[PDB]
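Q: Dropping the structure in here first, questions after.
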Amino acid sequence: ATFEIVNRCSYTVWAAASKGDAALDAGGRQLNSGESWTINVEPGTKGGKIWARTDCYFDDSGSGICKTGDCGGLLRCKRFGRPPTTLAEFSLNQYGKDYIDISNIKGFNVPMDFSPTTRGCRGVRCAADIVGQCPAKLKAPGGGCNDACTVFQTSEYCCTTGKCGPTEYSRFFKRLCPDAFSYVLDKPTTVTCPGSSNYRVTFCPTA
């Protein structure tokens, strides 16, 4: 399948694409404003994620640091990223469908549209100035708006036991982005798409 990753923000990002224990495609790439990067993701993938990283440095050996979303100091992500990272999430072809979501469960760093490029299903978006508004205790020095499980490490925020409810903090993300997951047991805003669909991830969409 095909992921076209478009940086419509006015600042550079360092896109990432991982499943957890391996890169997707080249696993990351710099994207100056306006630049695009189309990747190939193997059918049937489970639990894939796409995110932006901000304020990176990488050397020629591809080794470095980012202020949001860092995946173990590399340019070419093979793990997932350090919060706060807004997340495009997907598992493809799982019995005839595709399932797409955007998640604020690790926080928010960059606004995002995740829309299908082939018919049958609706996209999802979180474009609101979450970082402009972010509750004071959840702000991240380095940039972005952290989730409460990251800031406080409690069972209730982290839903450790599989039981938890919404919180004042989950609800701050759900007031600003109702289509994105705001905590682990949020009512699912998942989208089911035809198996083998293609997609576009647009950062800073309304930019």
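Here chain A follows Swiss-Prot for its numbers: 23-229, in order, are the residues you see.
Cβ from N, Cα, C; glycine included.
Positions annotated as disulfide bond by Swiss-Prot: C31-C226, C78-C88, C93-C99, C143-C215, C148-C199, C156-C167, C171-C180, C181-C186.
I'm curious about the neighbourhood of these features; can you describe it?
A: Of all the Cβ atoms in the protein chains shown, 19 others lie within 10 Å of the Cβ of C226 (disulfide bond).
All chains included, 19 other C-beta atoms sit within 10 angstroms of the C-beta of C78 (disulfide bond).
When other Cβ atoms within 10 Å of the Cβ of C99 (disulfide bond) are tallied across all protein chains shown, the result is 26.
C215 (disulfide bond) falls within a strand segment according to DSSP. Neighbours of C215 (disulfide bond), defined as other CB atoms within 10 A of its CB across all chains, total 22.
Sequence-distant contacts of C199 (disulfide bond), defined by Cβ-Cβ distance under 8 angstroms and a gap of at least six in the same chain, are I124, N126, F130, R147, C148, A149, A150, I152.
The 10 Å shell around the Cβ of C156 (disulfide bond) contains 21 further Cβ atoms across the protein chains shown. Under DSSP, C156 (disulfide bond) is assigned to coil, being neither helix nor strand in the three-state scheme.
A C-beta separation below 8 Å, combined with a sequence spacing of at least six in one chain, links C180 (disulfide bond) to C171, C186, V206. Secondary structure at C180 (disulfide bond), taken from DSSP and collapsed to helix, strand or coil, is helix.
The DSSP secondary structure for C186 (disulfide bond) is coil.
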Q: In terms of DSSP three-state secondary structure, what is the assignment for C171 (disulfide bond)?
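A: In three-state terms, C171 (disulfide bond) counts as helix.
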Q: I want to verify one value. Collapsing DSSP to three states, which class is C78 (disulfide bond)?
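A: It is in a strand.
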Q: Using C-alpha atoms, which one of the disulfide-bonded residues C78, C215, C226 comes nearest to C99 (disulfide bond)?
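A: Of the disulfide-bonded residues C78, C215, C226, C78 has its Cα closest to that of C99 (disulfide bond).
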Q: For the C-alpha pair, I'd like the distance in angstrom between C167 (disulfide bond) and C226 (disulfide bond), rounded off.
A: 16
